[PDB]
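Observations on the model geometry
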Amino acid sequence: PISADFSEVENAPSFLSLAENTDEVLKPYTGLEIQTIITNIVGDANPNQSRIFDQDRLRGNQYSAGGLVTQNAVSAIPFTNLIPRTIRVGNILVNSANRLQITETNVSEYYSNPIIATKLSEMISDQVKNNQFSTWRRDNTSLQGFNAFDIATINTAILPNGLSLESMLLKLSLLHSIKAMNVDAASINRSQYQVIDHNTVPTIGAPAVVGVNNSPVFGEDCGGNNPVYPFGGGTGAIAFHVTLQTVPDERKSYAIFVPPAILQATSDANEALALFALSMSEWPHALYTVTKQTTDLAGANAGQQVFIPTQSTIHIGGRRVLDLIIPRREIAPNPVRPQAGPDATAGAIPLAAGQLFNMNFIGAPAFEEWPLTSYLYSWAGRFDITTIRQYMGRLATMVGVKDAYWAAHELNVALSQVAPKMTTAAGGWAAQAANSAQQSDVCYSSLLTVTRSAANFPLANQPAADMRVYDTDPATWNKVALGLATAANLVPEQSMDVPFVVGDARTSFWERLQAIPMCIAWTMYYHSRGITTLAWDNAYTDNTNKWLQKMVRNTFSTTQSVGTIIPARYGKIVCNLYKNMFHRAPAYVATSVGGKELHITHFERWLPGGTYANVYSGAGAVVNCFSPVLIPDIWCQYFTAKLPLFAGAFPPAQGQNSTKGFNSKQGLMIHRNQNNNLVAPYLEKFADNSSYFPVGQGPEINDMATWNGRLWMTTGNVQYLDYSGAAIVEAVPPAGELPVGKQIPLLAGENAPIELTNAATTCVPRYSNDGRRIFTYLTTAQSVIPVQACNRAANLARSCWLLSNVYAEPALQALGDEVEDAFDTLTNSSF
Amino acid sequence: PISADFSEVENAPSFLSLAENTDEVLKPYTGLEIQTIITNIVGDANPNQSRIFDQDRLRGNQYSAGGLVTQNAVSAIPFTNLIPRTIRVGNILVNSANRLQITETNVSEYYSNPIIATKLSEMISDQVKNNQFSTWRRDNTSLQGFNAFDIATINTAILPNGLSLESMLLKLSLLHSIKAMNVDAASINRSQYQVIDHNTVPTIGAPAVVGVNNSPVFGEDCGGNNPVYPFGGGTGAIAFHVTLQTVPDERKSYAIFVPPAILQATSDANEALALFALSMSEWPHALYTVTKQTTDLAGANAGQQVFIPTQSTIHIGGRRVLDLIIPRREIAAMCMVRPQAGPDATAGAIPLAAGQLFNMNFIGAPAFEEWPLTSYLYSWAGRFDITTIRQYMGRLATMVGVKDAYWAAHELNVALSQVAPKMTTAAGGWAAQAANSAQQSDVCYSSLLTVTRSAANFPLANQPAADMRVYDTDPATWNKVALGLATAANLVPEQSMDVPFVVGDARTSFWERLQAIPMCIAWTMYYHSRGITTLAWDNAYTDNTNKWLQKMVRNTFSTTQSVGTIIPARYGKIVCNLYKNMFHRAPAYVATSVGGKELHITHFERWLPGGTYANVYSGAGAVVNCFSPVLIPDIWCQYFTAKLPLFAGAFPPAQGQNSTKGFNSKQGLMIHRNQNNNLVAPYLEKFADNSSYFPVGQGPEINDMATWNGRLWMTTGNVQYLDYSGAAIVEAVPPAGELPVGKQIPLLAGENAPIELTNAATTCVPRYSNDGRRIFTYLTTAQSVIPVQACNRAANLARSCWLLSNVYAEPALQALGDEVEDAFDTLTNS
Amino acid sequence: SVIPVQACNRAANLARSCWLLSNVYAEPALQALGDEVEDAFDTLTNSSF
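The deposited coordinates derive from cryo-EM, with the record listing a resolution of 3.2 Å.

In structure tokens form, the structure reads like this:
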């Protein structure tokens, strides 16, 4: 919450009390909490009436330090899943001189929720089979579409993991988030076409065109019609078998049963084989683009920019050769529909390729492999989000897809909503230049720089992994999609129990708002202890200060117990800084060591390797200091139930008292080194007895003093020196300049932020790369009013927002269970 | 009921009160009692013929809006099972330039009434486990003659896969309704040969001739003299083997025992293998035709049209490999001892007509050789008389329970073989399309759901999506049932006098035509309660962004599956309750266990999602998909109904006191009145955020006050379907006040056409656009002063009506006297 | 309209101009310069009204 006076800066919760464990069961963060503040929609659903195109930013009055009120001053929503591979430089479109930002997961099978053979599986073994041991009979007890010698080779030795529908449901959770950009124009913001390319105005009118393999720079049309995989040059292979006898002799264990519940006479019914073959194989199969008509700032040069979404750059899968076994009607003996296959058509795209598809091959003979990047390229303009929604409802009737899609969905939001770093400026609204690394350099919500590609596409290098995600194995999928095994995370449901995000037009708006509390929780994690940006980068193996290696060691997921993931320590600190600070729990998955079942969130599955949230200067130079700051503060304050005390709104100037500090009555002291000219704030009592941290000590979490340090570097002329006033190794901003948010184009009657209002002031540097303590200093002449404001005998004029705090309770309808519809109050006893 | 005055409109039940669950007995609604509502009818110009050939139409007096009585005016009975493959175009027969409509079912296992092992299976259960092998090589069963070795093969099986006779007795009832056109010319309507080809009269005299593979164009001679399957390139295989130790050693698990009761059913005893090969394998085996001598409208050009029945284009089966096993005569590749296990196996009468592997060996039954299956059914294709099927069903009833299993199977061919042309937008009454057009033979179910027309050529390469879910019959449970190793709860045998009386009668095609009408009234009242305009139904899977319109199609149709069991659809129990609360008759069902709970399922609950619905064509032939789905006019909903809802009520006569009024804000409604564009709307319901766009996840409220009031303005004559603000919608609007009106058939002597909105379909008020947007019914500000005063009960309106059984022609000068007015009425029960 | 709608929802503020006066609104006097009968020459001619 933002502050009305100093008596609620002072009576704000601490960090240690707000990072404690919580035993409450909390509702999921739906993204509607930020929505019902920054838009005209407070109540309920609105089809096309609510113009979300214009409602894309934080708006409010501001109050300057000089006593003036700015009327309509805006802060951008700082997250988008769209990297502009065509940049508007000099009011005209040119190709990007920048590589594409790629991520990579760490897909591996772990001990999920345990699995058990059903009464059908004990029925096949006990009866039938066991009874063929006396009758000399080799009859067929065919289950629904498969041979008895196909079920008999699967009702066998079961792996003791249990499956997690996570990788296939992130691919479904991911192509959904791509294919939901072409829904309308007044349902997708214009700010999220302007987050990186800020010299750009997209248009109401023509919607976005979600294309595939048509990006104009650095390869990236990975076979525009001769398609390969983007990660690794190769085309894969798919084969549609009717028996396991046809799978040649080599694979036969990798063979995936397509269950007959996902293909019924309810849809196109042959697109569902492509969503199944796309969920089970590999992401990405192709490099999707989003092309939209844009215009420059005044509006002359209307062209079409090419974007590439971030979730088409996430390398997940490792299954490139699929052998799919198809249900054979009711019951038939083993044999162009040889054995009564319902279908296997190619698609809708003509696809002149290496096997030369013509326009749409209908073919399910015995072996006869196709390519897989080709077979998925043909079904790349057909995957609209309504079809994905009803496919999810057909999945939900046989397995439990409610909680696993929401965990996979905020996994998508965790590694897909990606934000440009910062720019250091004095006032408000600085950005970068065009055709430069600094405009396109970009970070996660975890304050962690996204790796861009090193060489031209399709890639042979395979960069380091970023996140540990699970996967469906084919061998357990073949028996849980067939009634032969069951678990507690796999209990089936109805299509009403599909989450609200699926098949809705408002996903590109909601998913960029779900990523803001992730960066608030990581932002408050990285700012309680200020280790700049250099003592985070080369911190994993520094032989100085064993404390710092323990910090970076524990933050990441590098431990195990039995064959399963032990989640990270200190990512539960971020999770508790999410549940306490937002009163809403993030979605976990299950992992079991043995018996004991414990929970791991995207807060606990990151991996080491990679630099952190850097800040740039006005001329593009690196200012690796402060702390890993991303989005501007007011996001890390206003949209918050309980923000810890060191991060706080400087309260408005009401009477004679505006902004004060914390003095030696709270256990603090002034540093006051060698020279008489520069003095430091009221830091801790340990600050004068250190000067360099001991090899197992770090910055003590004091929010009286971190407040009191950002209270001094808001003055506008500070230097970040030393215990003795000497320089540091770290790059310092050129003046009294702070990291400030990204500037987007304005509208009519709508202003830019004024002075340290769209800034990030909380990033107080306290721990240099060398292990020495960083002190913020002022001249003796220019520190009298800050020292007396700490002593409550003066006041400091600071700028603020003129908003008020509401923070409503959760709705739990979210446009996803509108079961009030009159035709099921009467079909209600039958459920 | 037909409204004699407006006090019978107001005193009509709501849609919610007519769609609750009911728990009564409710006998089935046979066409033997729907024939009298259309025959015993009020009229003095009615000639009252006694034969079925003339008792097809709905005849009656009509009273216009201006107060004029039309004497004998007819509404077409709009449900046939005959696609005309030879159209009367330009006064002479040309063949049709249109493809053939195909349907397809989706078979599934039953699992519901599982097999209980009898006293015999538990008897020789200890002769295998205790290894009591006091048996020999040559010992048969008791008097039926298979082998004693079938215990070590068939009694060994353990299966919980106990099935029903749902699919063999469906396709055994489809054959029945094909060869029930070959009975007499005076026992089938002439309207049935005129529903799609309206430029035609057939001729009493010679009956219709049920041929096979005789259709001239678009392929359809599916092996005209070398028969193949119509729904795939194939021919099948039959091998009549006495034992399991004689088969192709790779299909033992699919062998079908033919018990001797089937061989004792028919007097020929070899027409009953062919009725058992046709019922167990595959439908269709061939593409049946019905050729009948017809003549033109005045009688000049006598010819013979070729029809194809709708029940010979239903893909049911999924078994092409038949290996039937025949009992032995005595206790005792060896073709010298040829009755080793065989009475006989004869291939048809004379109809040989074969190609590859020529088939006219009238006797051939070796130990194991394969035949072309289609040819063996092509040869027994003039021999399946309905009296032969009648006695074949008599011995089926004596070994398994066939009473309730047939009325369910007879009711779900009427659900998908009685197929009806869509509509035509017109002003007055009686419009039709053209002579040869794709929109004339465009044709719909009783479920307001367009029949899939074949795109390829026969035999079909690409097989389309399925329409209705059915069960199957497998050999693995039939073999144990036929041998006394298995008894289920739905298989308790009965008598031959308990066979359904439809089986074997000459009046089936007239009855099935009448049983389809109260199905389409239930679906018609389902699709008209919420006005969810035909593009919203069609594009609910193509392109939808609304969470409500996708919920409406997901629920209505049987989408859900647990494991091998037809799950009944939500909101199709609403249709089933609009049949029980509305006709006071329950439709026939089967038993089905979903989660251990015993529930019943009807053909209202077995449909599958997808498909175009019943839209309307214009007079020029353009698509007019802006209404709710209509398929039959108003009078069929209103004259056949015991208790009918408010929004679909008959308009009472014109020139009377208390004639035709509406529902204003005294009943809670509100008027819209966009008078800046001279364009006002009825007293409609209150909005609550439904004004311009509906919420994402909500649709139109069930209101009968306002849907009555909206069709009260559609009948005025210049109606606009625009918007909250008055702008056009994306959907195709008719040219004027041109409501969809019924199909026109040729008239007879002393017999009139409908006059003005009397054969129309009024109830289809559009309320929900494809855009998620509300549709408003508008009149001009000048031409709506009289309907608004009718809603304010300050005026009456003048609408045309049928003068049927309580509805009297009102004089112009209402010169009323006292009350009471009971002359001979108190002398009767009043 | 985002800041007016959120000012209605009490989550923002609108900058409007005003007068810096204060409210007093005194009670009536009931002399109004029209019955100054306190004048010394009719306290003594007061019994005779």
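To continue, consider the overall build of chain B. Looking only at helices and strands, one finds 18 helices and 23 strands in chain B. Computed over its C-alpha atoms, the radius of gyration of chain B comes to 29 Å, within 12% of the 28 Å expected for a compact globule of 830 residues. Taken over the C-alpha atoms alone, chain B extends approximately 95 × 60 × 60 Å along its principal axes. Summed over its atoms, the accessible surface of chain B is roughly 29,700 Å², and 53% of this surface lies on carbon and sulfur atoms. Distance between charge centres in chain B, computed from 54 positive and 64 negative side chains, equals 3 Å.

Summing up its helical and strand segments, chain A has 19 helices and 32 strands in all. Taking 2.2 N^0.38 as the reference for a compact globule, 831 residues should give roughly 28 Å; the C-alpha atoms of chain A span a radius of gyration of 29 Å, in line with that estimate. For the C-alpha atoms alone, the extent of chain A along its principal axes is close to 100 × 60 × 60 Å. In chain A, buried positions account for 63% of the 831 residues. If you sum the accessible surface of chain A, you get close to 28,200 Å²; carbon and sulfur atoms cover 52% of it. Within chain A, one finds 54 positive and 64 negative side-chain charges whose respective centroids are separated by 4 Å.

All right, on to helix α14 (residues 549-556) of chain B then. With eight of eight residues buried, α14 of chain B lies mostly within the body of the structure. Among the residues making up α14 of chain B, those that are buried are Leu 549, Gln 550, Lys 551, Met 552, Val 553, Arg 554, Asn 555 and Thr 556 of chain B. Lining the buried residues of α14 of chain B we find α8 (385-396) of chain A together with α12 (517-529) and α13 (534-542) of chain B.

Okay, the packing of helix α6 (residues 272-280) of chain A against α8 of chain A next. Residue and element names in this part refer to chain A. Packing of α6 against α8 leaves a shortest axis separation of 11 Å and a crossing angle of 75°. With respect to α8, the axis of α6 lies roughly perpendicular. Only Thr 387, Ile 388, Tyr 391 and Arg 394 of α8 make contact with α6, whose side of the interface consists of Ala 272, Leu 275, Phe 276 and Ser 279.

Between chain C and chain A, the contact holds twelve residues from the first and 18 residues from the second. Across the interface of chain C and chain A, roughly 1,100 Å² is buried in total on both sides, 50% from carbon and sulfur atoms. Between the two partners, chain C and chain A, sit zero salt bridges. Our enumeration of links across chain C and chain A arrives at five residue pairs in polar contact. Within the side of chain C that touches chain A, the residues separate by chemical class into seven nonpolar, four polar and one charged.

Residue and element names in this part refer to chain B. Residue position: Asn 581 is located in helix α15 (residues 573-583). Overall, the relative accessible area of 18% leaves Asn 581 in the buried class. Separated by 15 residues in sequence, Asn 581 and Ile 566 place their C-alpha atoms 25 Å apart. For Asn 581, the contacting residues outside a window of four places in its chain are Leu 18, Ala 19, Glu 20, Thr 22 and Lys 643. Polar side-chain contacts of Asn 581 include one of 2.8 Å to the backbone oxygen of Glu 20. A polar atom in the side chain of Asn 581 sits 3.0 Å from the backbone oxygen of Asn 577.

Another point: the sheet that holds strand β12 (residues 256-257) of chain A. In any sheet, the strands associate via hydrogen bonds between backbone groups, in a parallel or an antiparallel arrangement. All names here are of chain A. The three strands are arranged β11-β16-β12 in an open sheet whose pairing can be described as parallel. In this open sheet, the two strands that pair with only one neighbour each are β11 (237-241) and β12. Note: β12 against strand β16 (residues 321-325), two bridges, orientation parallel. By the bridge assignment, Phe 257 is partnered in β16 with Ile 325. Of the strands in this sheet, β11, β12 and β16 are in contact with α6, which crosses β16 at around 135°.

So, about the packing of aromatic side chains. Residues and elements named next belong to chain B. Counted under the stated rule, the structure contains 74 aromatic pairs over all chains. Taking 5.8 Å as the distance between ring centres and 25° as the angle between the ring planes, the aromatic pair formed by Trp 523 and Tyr 527 counts as stacked. Of this pair, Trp 523 and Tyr 527 both sit in helix α12, four residues apart, which is roughly one turn of the helix. Classification of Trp 523 by relative accessible area gives buried; the value is 0%. Of note, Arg 711 hangs over the ring of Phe 651, and the distance from its end group to the ring centre comes to 4.5 Å. Lying over the aromatic face of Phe 651, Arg 799 brings its terminal NZ or CZ to 5.6 Å of the ring centre.

The subject of this paragraph is the pairing of strand β3 (residues 69-76) of chain A. Residue and element names in this part refer to chain A. The pairing of strand β2 (residues 57-63) with β3 spans six bridges and is antiparallel. Bridge assignment links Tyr 63 to a residue of β3, and that residue is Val 69. Between the end of β2 and the start of β3, which pair antiparallel, lie five residues, with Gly 67 showing a positive phi angle near 80°.

Read from one edge of the open sheet, three strands run β3-β2-β32 (chain A), paired in antiparallel fashion. The sheet is open, and its two edges are formed by β3 and β32 (800-801) of chain A, each paired on a single side.

On to the interface of chain B and chain A. Taken together, the contacts link 67 residues of chain B with 57 residues of chain A. Across the contact surface, chain B and chain A share four salt bridges. Note that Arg 329 of chain A is salt-bridged to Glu 104 of chain B, the shortest N-O span being 3.2 Å. At the junction of chain B with chain A, the criterion picks out 24 residue pairs in polar contact. When contributions to the side of chain B that touches chain A are tallied by element, the ones reaching two or more residues are β6 (103-108), α12, α13, α14 and α15 of chain B.

Moving on, we come to the side chain of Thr 388 of chain B. All names here are of chain B. Structurally, the position occupied by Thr 388 is in helix α8 (residues 386-399). Judged by relative accessible area, which is 11%, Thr 388 ranks as buried. Filtering out sequence-adjacent residues up to four positions away, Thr 388 remains in contact with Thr 266, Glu 271, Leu 275 and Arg 383.

Let us now look at empty space enclosed by the protein. Residues and elements named next belong to chain A. Here the largest cavity is characterised by a volume of approximately 240 Å³. In terms of lining residues, the largest cavity is bounded by 25 residues, among which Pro 420, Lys 421, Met 422, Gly 741 and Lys 742 are the most central. For the lining of the largest cavity, the secondary structure elements donating two or more residues are β3 and α10 (437-440). When grouped by side-chain class, the residues that make up the lining of the largest cavity number 15 nonpolar, seven polar and three charged.

Next up on the list: a negative patch on the surface. Side chains of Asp 35, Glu 36, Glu 38 and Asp 39 of chain C sit close together on the surface and give a patch of like negative charge. Structurally, the position occupied by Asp 35 of chain C is in the segment after α1 (2-8).

With that settled, the discussion passes to the state of the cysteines. Summed over all chains, the structure comprises zero disulfides over all chains. Free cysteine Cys 801 of chain B: the closest other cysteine sulfur is in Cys 637 of chain B, separated by 17 Å.

Take the environment of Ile 573 of chain A next. Residues and elements named next belong to chain A. By secondary structure assignment, the location of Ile 573 is in helix α16 (residues 572-582). On the basis of relative accessibility, which here comes to 28%, the residue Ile 573 falls in the partly exposed class. Spatially, the C-alpha atom of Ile 573 lies 23 Å from that of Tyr 807, the residues being 234 residues apart in sequence. With sequence-adjacent residues up to four places away left out, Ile 573 is seen in contact with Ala 19 and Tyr 525.

The rules behind these values
Residues numbered from 1 in each chain as written, not as in the entry; some residues may be left out. Chains lettered and ligands numbered in written order. Part of a larger assembly, values for the part shown. Heavy atoms only, no water. Helix = DSSP H or I, 4+ residues; strand = E, 2+ residues; numbered from the N terminus. Rg over C-alpha atoms; globule rule 2.2 N^0.38 Å. Areas by Shrake-Rupley, 256 points an atom, 1.4 Å probe, with all protein chains shown as cover. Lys, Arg positive; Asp, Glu negative; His and termini not counted. Charge placed at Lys NZ, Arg CZ, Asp CG, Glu CD. Buried < 20%, exposed > 50% of the residue type's maximum accessible area, 1.4 Å probe, protein only. Contact = heavy atoms within 4.5 Å. Axes fitted to C-alpha atoms, helices over the stretch in contact; angles between N-to-C directions. Parallel < 35°, antiparallel > 145°, perpendicular 65-115°, else oblique. Buried area = accessible area lost by both parts, 1.4 Å probe. Salt bridge = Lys/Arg side-chain N within 4 Å of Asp/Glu carboxyl O. Polar contact = N/O pair within 3.5 Å; in protein donor to acceptor, adjacent residues only side chain to side chain. Nonpolar A, V, L, I, M, F, W, Y, C, P; charged D, E, K, R; others polar. Pairing = 2+ DSSP bridges. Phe/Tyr/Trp six-rings, centres within 6.5 Å; stacked < 30°, edge-to-face > 60°. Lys NZ or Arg CZ within 6 Å of the ring centre and 35° of its normal. 1 Å grid on protein atoms, 1.4 Å probe; cavity = no way out; pocket = protein on both sides within 12 Å on 5 of 7 lines; lining within 4 Å. Points joined across faces, edges and corners; volume = space filled by probe spheres on them. Patch = residues over 30% accessible without salt bridge, like charges linked within 9 Å, V, L, I, M, F, W, Y side chains within 5 Å. Disulfide = S-S within 2.5 Å.

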